[PDB]
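A quick write-up on the structure given underneath.
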Amino acid sequence: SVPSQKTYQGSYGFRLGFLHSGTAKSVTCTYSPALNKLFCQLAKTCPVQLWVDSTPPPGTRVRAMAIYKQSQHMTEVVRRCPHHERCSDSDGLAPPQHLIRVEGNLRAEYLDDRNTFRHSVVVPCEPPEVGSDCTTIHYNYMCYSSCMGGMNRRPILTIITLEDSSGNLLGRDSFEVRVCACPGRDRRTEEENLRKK
Ligand SMILES: CCN(CC)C1CCN(Cc2cc(I)cc(I)c2O)CC1
Ligand SMILES: [Zn+2]
């Protein structure tokens with residue numbers, strides 16, 4: 001099975017937002033709107049914003065899952081490589097196999113799907129802090145795109161779904177991810193390639 005990646009705002013007008021972090025060689029996480037692609041360093045904080053037009057019901061949750069982007073790989077489960085799944089860098093909550101973690105949220109839950117075997121991490125949907133207009137979730141990606149025996153240079157997408165308390169679909173958005181040593185340079189390069197192409 002391949003989970004849908006269709007953008008769907010749904011009844012609550014759900015969509016993601018990203019900061020404008022620039023492309024300096026020192027930057028650790030940066031988003032390209034032109035590529036709809038997040039570039040980040042291994043295990044570093046990735047702020048992702050949640051925006052809605054109206055308040056969803058109590059019990060609404062927000063799930064993140066990775067899938068391979070390319071058609072010939074979309075069916076393979078995205079997981080950490082044989083090295084990283086064994087490096088004992090657990091935060092006490094995330095299974096060591098999971099590529100995507102949520103940072104600093106005690107209510108995060110990690111799912112190994114009993115049928116598809118796909119991994120995901122889900123948290124309660126919460127209102128913005130007083131004074132803010134959106135809610136931010138901090139994600140970590142725990143392997144490099146290049147990890148041998150894992151992603152092995154294959155591009156992935158992160159799919160973010162807004163769910164009701166049963167896990168039914170309320171909204172969906174997605175973005176490509178590259179986990180790399182120099183996100184600033186790589187974003188600049190890929191945006192240049194795009195502009196040329
Ligand atoms: C312009 C948008 N207006 C409506 C007029 C409001 C602003 C206030 N929010 C509250 C709210 C609750 C949850 I739980 C999650 C999120 I993210 C969130 O924004 C709801 C939308
Ligand atoms: Zn790895």
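Quick note on naming: the chains in the structure tokens go A, B, ... in the order shown, residues restart at 1 in each chain, and ligands are numbered from 1 in order of appearance.
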
List every residue of chain A that has an atom at most 7 Å from any atom of ligand 2, and for each one report the closest atom pair and its distance in Å to one decimal, counting only C-alpha atoms and all ligand atoms, with rows sorted by chain and then by increasing residue number, as CSV.
```
residue,atom,partner,partner_atom_place_in_ligand_line,distance
A:80,CA,ligand 2,1 (Zn),5.4
A:81,CA,ligand 2,1 (Zn),4.3
A:82,CA,ligand 2,1 (Zn),6.9
A:83,CA,ligand 2,1 (Zn),5.9
A:84,CA,ligand 2,1 (Zn),4.5
A:142,CA,ligand 2,1 (Zn),6.8
A:143,CA,ligand 2,1 (Zn),3.8
A:144,CA,ligand 2,1 (Zn),5.6
A:147,CA,ligand 2,1 (Zn),4.5
A:148,CA,ligand 2,1 (Zn),7.0
A:150,CA,ligand 2,1 (Zn),6.2
```

Contact table chain A vs ligand 1, cut-off 6 Å, shortest pair per residue, only C-alpha atoms and all ligand atoms, as a tab-separated table:
```
residue	atom	partner	partner_atom_place_in_ligand_line	distance
A:50	CA	ligand 1	17 (I)	4.6
A:51	CA	ligand 1	17 (I)	4.2
A:52	CA	ligand 1	17 (I)	5.1
A:53	CA	ligand 1	2 (C)	4.5
A:54	CA	ligand 1	21 (C)	4.1
A:55	CA	ligand 1	20 (C)	4.3
A:56	CA	ligand 1	14 (I)	5.5
A:125	CA	ligand 1	14 (I)	5.1
A:126	CA	ligand 1	14 (I)	4.2
A:127	CA	ligand 1	13 (C)	3.6
A:128	CA	ligand 1	18 (C)	5.6
A:133	CA	ligand 1	19 (O)	5.9
A:134	CA	ligand 1	17 (I)	4.5
A:135	CA	ligand 1	17 (I)	4.6
```

Report as a list in words all protein, DNA and RNA residues lying within 9 Å of stretch 25-29 of chain A, evaluated on only C-alpha atoms, omitting residues in the same chain fewer than 6 positions from it.
residues 38, 39, 40, 41, 42, 44, 45, 46, 47, 181, 182, 183, 184 and 185 of chain A

Interatomic distance, atom CA of residue A:140 to atom CA of residue A:101 (Å, one decimal):
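That distance, rounded to one decimal, is 5.1 Å.
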
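Here atom CA of residue A:48 stands at a distance of 25.8 Å from atom CA of residue A:116.
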
Just the number, please: distance in Å from atom CA of residue A:86 to atom CA of residue A:70, one decimal.
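Taking atom CA of residue A:86 and atom CA of residue A:70, their separation equals 27.0 Å.
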